[PDB]
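# Working through the structure, step by step
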Amino acid sequence: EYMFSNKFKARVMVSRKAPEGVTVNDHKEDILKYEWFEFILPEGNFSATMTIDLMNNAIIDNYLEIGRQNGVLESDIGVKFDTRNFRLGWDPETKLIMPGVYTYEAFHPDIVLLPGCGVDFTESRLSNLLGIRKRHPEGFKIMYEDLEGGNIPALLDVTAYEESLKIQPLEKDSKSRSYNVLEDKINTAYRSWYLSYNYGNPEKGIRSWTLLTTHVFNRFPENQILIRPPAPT
Amino acid sequence: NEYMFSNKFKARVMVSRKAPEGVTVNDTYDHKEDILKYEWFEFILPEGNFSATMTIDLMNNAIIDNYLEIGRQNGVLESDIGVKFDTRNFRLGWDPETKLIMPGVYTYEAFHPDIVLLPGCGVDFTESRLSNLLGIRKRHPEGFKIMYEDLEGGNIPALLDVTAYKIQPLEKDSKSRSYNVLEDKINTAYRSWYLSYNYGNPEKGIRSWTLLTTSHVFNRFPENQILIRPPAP
Amino acid sequence: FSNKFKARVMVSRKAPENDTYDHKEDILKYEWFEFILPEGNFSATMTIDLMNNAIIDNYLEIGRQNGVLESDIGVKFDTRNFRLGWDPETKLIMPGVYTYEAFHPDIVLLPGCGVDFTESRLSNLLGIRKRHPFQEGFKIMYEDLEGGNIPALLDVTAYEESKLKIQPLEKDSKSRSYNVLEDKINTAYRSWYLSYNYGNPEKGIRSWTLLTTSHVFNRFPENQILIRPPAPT
Amino acid sequence: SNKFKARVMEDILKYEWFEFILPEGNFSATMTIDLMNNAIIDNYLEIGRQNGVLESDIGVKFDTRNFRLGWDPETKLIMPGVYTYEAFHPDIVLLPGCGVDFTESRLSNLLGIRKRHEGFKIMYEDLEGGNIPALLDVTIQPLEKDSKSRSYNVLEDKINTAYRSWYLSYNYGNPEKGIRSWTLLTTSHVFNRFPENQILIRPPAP
Amino acid sequence: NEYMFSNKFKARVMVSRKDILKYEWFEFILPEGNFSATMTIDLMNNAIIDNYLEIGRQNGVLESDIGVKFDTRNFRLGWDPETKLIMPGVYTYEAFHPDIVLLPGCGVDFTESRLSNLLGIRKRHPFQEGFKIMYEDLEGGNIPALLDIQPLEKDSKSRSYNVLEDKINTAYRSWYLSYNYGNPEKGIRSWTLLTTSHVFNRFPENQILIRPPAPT
Ligand SMILES: [Zn+2]
């Protein structure tokens, strides 16, 4: 009867420590622990942008009670709801985002994930408001492993290319938050459902079983991944 | 009657605030011993078809006009008004460790019309249709009075003293108006219907018998974060 | 001609028939005219600008050349709720200016003036109607708006430097008389909206009228009564 | 096809009729008015300007203002010195010898100007009583020229202007002898080449 | 069919520049979604440029020789019948109707595409089973050159505007100009119909390649 309506579940990072014996040296922390939680939003009829802001606020509210106090970093959040088309300013030769910033235009609500994380909309109605549905329907869980081909490309170090030409990716933000650039030095550890749906394998990736359909809310103004998503105009 | 005035509501507010009829009041007399007297009134708004924001403005202006007539001349402070209609989701920027609103100000975004109350106060919508315009209805319908004791778990958290960030709450606004911080110095005496509905006990709080649905003279306290003019949707 | 209204306005201000003469004995004459607006399908707020322009066009044609002042216009259509900002103890508009928010189209009148909507459809567009079809004809005169006197504004420059000199403002910036009366709280201006809402509910203008839903246009930007009415939204 | 026909042009004055063509599309009233003025000016820049006609004798303009708004009954002029820049209804402004013809056009029905009936031709002689009052030189005499020395076409008596407008003759002309007897008012920078001329300024948008 | 990309089109652009120039057809695919005409035009231009950044650019083709641009402006608005140039010096920045701008050797094909309906460009006759719009079909739709009495031959960043002989018109042709100003019974108007409908601004100084204006 009188239960909660705007709700979803997700798997986030809870702990980030060293091996049981290791002690801080002169990395950061190697052992990572993840756990499922149920996130509850305040009731009401919200738009997609307002729902996305509240969903991100629930993820960060979890990070502030169990995690920040257990060693996890802001660069390890691992679940974010966005609206951008990453890799928009992508260059085929340098394989980096040349403008140095992801295009700040709203295209379609999105799910950005880090390794070991995911979301589950089996008992939720927010997937429909976000226009992300199951193509053929029991169970709706989108994990990091299901988003093959949807890796977010790394941004160019524009401060560096303008020191001469040195093309290199940007490894940290203004406040020294890791952008999670990988060994290939072209891609980022973040994966997004929108990139895997449009740029992944059309008959084997996330598109084969999903369907695209029709300030406290900006705690990381410097981080290009955690920035507040743009609103549709 | 065709002259019923239509836009009206009843509420209980503070009338007096007089130190006990006694002997002395040194510079070390606890003003928690101040005797507080309350009374019921019927408030009438001008006739017209107003939006929810304009209705909230006129409902708040009716509360203040009563304070200017009776309470102001009987020792009641502007920090003891006791009935305010808002649209914000207080405790948005709340931190589970410090237990304070870290931005120092409540998030100035409109979510849903809200009723904020101080101890001894309340509103009554038994003979009024303004609650339907405010999207606050009875779940199981004879009588609709929402009092301070009915908003358990909806206490508004205290704001962080950002000019001194130490980790203490702000206890006065810029014009030296008491924010009504309590013992433990994390929460405030103000309770809100929206908080008790969403963050209170689901089966014992205000949510069990009220329902959330869809529906400068107006800024006399620009300095005070509690009595500030509500944001517009 | 579709849009047209009738109104009684002042036509002459002259002595009965030395700087010792008191101009409270000036002979004042009023006359009925029919004011016609350009044709079209206008909004209420655009209609109000045209109806006031018709009043001024008559003042420039006869009244101005016959000794009447801009303080004696006597018919103005507004949208404000005057006496918002009224204080129950000082009985003045403490902000020193009337609230510039549109509430409902209003009729403001001076002694001896009035408006007649017997052969006019503008009263329906302005949301002002007769409550019963007992007698044909629709005329609202200054004598019917008892209890709808517009309170006077506070002399803020005297109240602010006193620190208390709580006295009404008796003239505007360009030295236009606000027509303040004895007791120095109220004004000779009356409004239908104030008498409708704040007058006697069973004997005032409410008993036979009904409220329903709805720079040449700013020739007196300094005068708080003749200022261009605010637009909705 | 969105088209219409109109008549357009130191001492002698020539006049000639033409057919003006608009680019195809479904446009609003403001964009339609801008295209029709550009079609008039485009005709002046080819046949006319090179033949001794001045920018003070264009003769056809589509506006939205209510000229004579700031009119004073004593001076018989527009005291603000500028016409009120508010949109009231799309209008047709004409000079002597000019006119517009909507006999094959559907653009008048979009501008809310229809015949109560045929054929629909509106000439300067049909707008009797719709003369635009002259502005006031603010320094009691009418302003005779614009900032760039463009004649406002002031007439004798120094109160009225040679420009006539359909809206003024419809609302302030004779109700049973003017343009109102057979027309009806209904509901609906390349486009600003004369910023100084109060008559030729880009019409305001609703 | 179910997983087929919906927002796609085919076009012929420049691939090699070494002068003899070579062109080839490609199929451009847009991200899925229901986008407006304004937002779709930005994605179609990004697909053309993304192809230039891959095939081309490495082979000597210039940003002057891009050759497929989707616009919304009415070029030749500020055109003068005597000087035959755009006297304001810039094309009018008002949105009229989505448009196709082409250079010699280029073209677009909407035979297997639903984007022509969203761009308000339809076939006037179901007689035709294909819908290809080439540079040779836009006769009379040359975009006039800008003034400064001489035409502007390069952009602000030294990009050739591709001004031609006679120094009045440009090598760029547009469907909207050929539709409204070309031969009514011989140009593109005879078999097409006009109907109702930063990474997106990589050439801010180029008047031809500037981001198209948005309606209203
Ligand atoms: Zn009755």
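Residues numbered from 1 in each chain as written, not as in the entry; some residues may be left out. Chains lettered and ligands numbered in written order. Heavy atoms only, no water. Residues with missing side-chain atoms left out of burial classes, pairs and counts.

Regarding how it was determined, this PDB entry cites X-ray crystallography in its header, along with a resolution of 2.90 Å.

### Structural notes on the overall build of chain B
When you go through chain B residue by residue, the secondary structure sums to three helices and 10 strands. In summary, chain B has a C-alpha radius of gyration of 18 Å against a globular reference of 17 Å for 233 residues, a match within 12%. When its C-alpha atoms are laid out on the principal axes, chain B stretches across 55 × 45 × 35 Å. (Helix = DSSP H or I, 4+ residues; strand = E, 2+ residues; numbered from the N terminus. Rg over C-alpha atoms; globule rule 2.2 N^0.38 Å.)

### Side note on the overall build of chain C
Along the backbone of chain C there are four helices and 10 strands. Relative to the compact-globule value of 17 Å for 233 residues, chain C shows a C-alpha radius of gyration of 18 Å, a close match. Seen through its C-alpha atoms, chain C measures out along the principal axes to roughly 55 × 45 × 35 Å.

### Description of the interface of chain E and chain A
On the side of chain A, 22 residues touch chain E, which itself brings 20 residues to the contact. For the side of chain E that touches chain A, a count of residues per class yields 10 nonpolar, four polar and six charged. (Contact = heavy atoms within 4.5 Å. Nonpolar A, V, L, I, M, F, W, Y, C, P; charged D, E, K, R; others polar.)

### Focus: the pairing of strand 4 (residues 99–102) of chain E
Where strand 3 (residues 68–71) of chain E meets strand 4 of chain E, four bridges bridge the pair, whose relative direction is antiparallel. Bridge pairing in strand 4 of chain E links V68(E) to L102(E). (Pairing = 2+ DSSP bridges.)

### A few points about the interface of chain C and chain B
The partner chain B presents 20 residues to the 22 residues of chain C that form the contact. Counting residues per element, the side of chain C that touches chain B draws most heavily on helix 4 (residues 192–198) of chain C, at four residues. Of the residues contributing to the side of chain C that touches chain B, the split by class is 11 nonpolar, seven polar and four charged.

### Comments concerning the packing of aromatic side chains
Taking the centre distance of 4.9 Å and the plane angle of 85° together, the rings of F90(B) and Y106(B) count as edge-to-face. Of the two residues, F90(B) sits in the loop between strand 3 (83–86) and strand 4 (114–117) while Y106(B) sits in the loop between strand 3 and strand 4, which places them 16 residues apart along the sequence. Here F9(E) and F28(E) contribute two aromatic rings whose centre-to-centre distance is 5.1 Å and whose plane-to-plane angle is 25°, an arrangement assigned as stacked. Ring pairing ties together the aromatic residues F9(B), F41(B), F43(B), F85(B), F125(B), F144(B) and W209(B), which thus form one cluster. (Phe/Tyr/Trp six-rings, centres within 6.5 Å; stacked < 30°, edge-to-face > 60°.)

### Points about the arrangement of the chains
A gap remains between chain A and chain C, with no contact made and the closest C-alpha atoms lying 21 Å from each other. One finds no contact between chain B and chain E; the C-alpha atoms of the two approach each other to within 24 Å at their closest.

### Here's the deal with the pattern of salt bridges
Taking the shortest distance from any N to any O, the salt bridge between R84(A) and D82(A) comes out at 2.8 Å. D26(C) is the salt-bridge partner of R13(C), the closest N and O atoms lying 3.7 Å from each other. Salt bridges linked by common partners bring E74(A), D173(A), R177(A) and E222(A) together as one network. (Salt bridge = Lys/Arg side-chain N within 4 Å of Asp/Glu carboxyl O.)

### Quick look at the environment of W191(E)
Residue and element names in this part refer to chain E. By the secondary structure assignment, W191 is in the loop between helix 3 (175–180) and strand 10 (192–194). As for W191 and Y179, which are separated by 12 residues in sequence, their C-alpha atoms are 9.9 Å apart. Sequence-distant contacts of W191, defined by excluding residues within four places in its chain, comprise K123, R124, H125, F131, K132 and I133.

### Some words on the sheet that holds strand 2 (residues 27–36) of chain C
All names here are of chain C. Strand order in this open sheet of four strands is 2-1-5-7, and the pairing throughout is antiparallel. Among the strands making up the open sheet, the edge pair consists of strand 2 and strand 7 (139–141). Each strand axis lies, on average, 20° off the axis of its neighbour in the sheet, ignoring direction. In the sheet, strand 1 (residues 4–14) pairs with strand 5 (residues 114–116) via three bridges, with the strands oriented antiparallel. Paired with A7 across the strands is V115, a residue of strand 5. Relative to strand 1, helix 1 (residues 44–63) is tilted by about 35°, and along the sheet it contacts strand 1 and strand 2. (Axes fitted to C-alpha atoms, helices over the stretch in contact; angles between N-to-C directions.)

### Let's talk about helix 1 (residues 29–46) of chain D
Here helix 1 of chain D spans 26 Å end to end across 18 residues, near enough to the 26 Å set by a 1.5 Å rise per residue. Just downstream of helix 1 of chain D, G48(D) is the residue with a positive phi angle, here 140°. (Expected span 1.5 Å × (residues − 1).)

### Describing the sheet that holds strand 8 (residues 142–144) of chain E
In sheet architecture, strand pairing relies on hydrogen bonds along the backbone and comes in two forms, parallel and antiparallel. Residue and element names in this part refer to chain E. What the four strands build is an open sheet, ordered 3-4-9-8; its pairing is antiparallel. In the strand order of this sheet, the two ends are held by strand 3 and strand 8, each with one partner. Adjacent strand axes in the sheet meet at a mean angle of 40° when their direction is disregarded. For strand 4 and strand 9 (residues 169–174), the ladder comprises two bridges, and the chain directions are antiparallel. Following the sheet pairing, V101 is matched in strand 9 by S174.

### Focus on the environment of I70(B)
Residue and element names in this part refer to chain B. Residue placement: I70 occurs in helix 1 (residues 52–71). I70 sits 54 residues away from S16 along the chain, and the two C-alpha atoms are 8.3 Å apart. Excluding its chain neighbours within four sequence positions, the residues that come into contact with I70 are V15 and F41.

### As for unusual backbone geometry
The phi dihedral of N180(A) is positive, around 60°, even though this residue is not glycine. In this fold, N180(A) is placed in the loop between helix 3 (158–161) and strand 9 (187–192). With phi around 55°, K185(B) is a residue other than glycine that occupies positive phi space. Along the polypeptide, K185(B) turns up in the loop between strand 8 (155–157) and strand 9 (187–192).

### A closer look at the environment of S128(B)
All names here are of chain B. Looking at where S128 falls in the secondary structure, it is placed in the loop between strand 5 (122–124) and helix 2 (130–133). The residues touching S128, leaving out its near neighbours within four places in the chain, are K8 and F9. A distance of 2.3 Å separates the side chain of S128 from the backbone oxygen of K8, its partner in a polar contact. (Polar contact = N/O pair within 3.5 Å; in protein donor to acceptor, adjacent residues only side chain to side chain.)

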